[PDB]
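S.K.: Based on what follows, work out the 3D shape:
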Amino acid sequence: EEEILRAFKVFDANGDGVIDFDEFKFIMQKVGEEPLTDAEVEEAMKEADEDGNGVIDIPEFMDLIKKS
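M.R.: Residues are numbered from 1 along each chain as shown. Pasting the structure now:
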């Protein structure tokens, strides 16, 4: 619980709790605008949104690892 909610909550760029494609492509490489190859980031977020309208809410990523 604590490590996954810490990581996803820094990852949400405030977003009301939701993460989109441009937020992940900016924040992935944590020091400013560092995301170097777009294909690595696009593959990881497309496999982590299971349906969720296309942009990830906090319960999806954590139930995907933590499911209870």
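
S.K.: Spit out the contact partners of residue 42.
M.R.: 21, 25 (C-beta atoms under 8 Å, 6 or more residues apart in numbering). From N, CA and C alone the C-beta is placed, and that goes for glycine too.

S.K.: All the helices of this protein, residue numbers only.
M.R.: For the chain, applying DSSP state H gives helices covering 2-11, 21-27, 38-48, 58-66.

S.K.: Packing partners of the second one?
M.R.: In terms of contacts (3 or more C-beta pairs under 8 Å, 6 or more residues apart in numbering; DSSP states H and E), helix 21-27 is packed against helix 2-11, helix 38-48.

S.K.: Name the residues of the first one that come out as buried.
M.R.: Within helix 2-11, the residues scored as buried using 16 or more other C-beta atoms under 10 Å are 8, 11.

S.K.: Kindly format the C-alpha coordinates of that helix as CSV.
M.R.: Once non-C-alpha atoms are left out, helix 2-11 reads as follows in CSV (Å, rounded to 0.1, in the frame of the first residue of the first chain):
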residue,chain,number,x,y,z
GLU,A,2,2.3,3.0,1.1
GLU,A,3,5.1,2.6,-1.7
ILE,A,4,2.5,2.2,-4.6
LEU,A,5,0.2,5.2,-3.3
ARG,A,6,3.5,7.3,-2.8
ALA,A,7,4.7,6.6,-6.5
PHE,A,8,1.3,6.9,-8.3
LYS,A,9,0.4,10.1,-6.3
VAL,A,10,3.8,11.9,-7.3
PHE,A,11,3.0,10.6,-10.9
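
S.K.: which residues are in contact with stretch 51-67?
M.R.: 1, 4-5, 8-9, 12, 15, 17-21, 45, 48-50.

S.K.: what's the spacing between that stretch and its chain's center?
M.R.: 9 Å (C-alpha atoms, centre = their mean, to the nearest Å).

S.K.: Pull up the distance across that stretch, start to finish.
M.R.: Stretch 51-67 has an end-to-end distance of 16 Å (C-alpha to C-alpha, to the nearest Å).

S.K.: swap in stretch 50-67?
M.R.: For stretch 50-67, the end-to-end distance is 14 Å (C-alpha to C-alpha).
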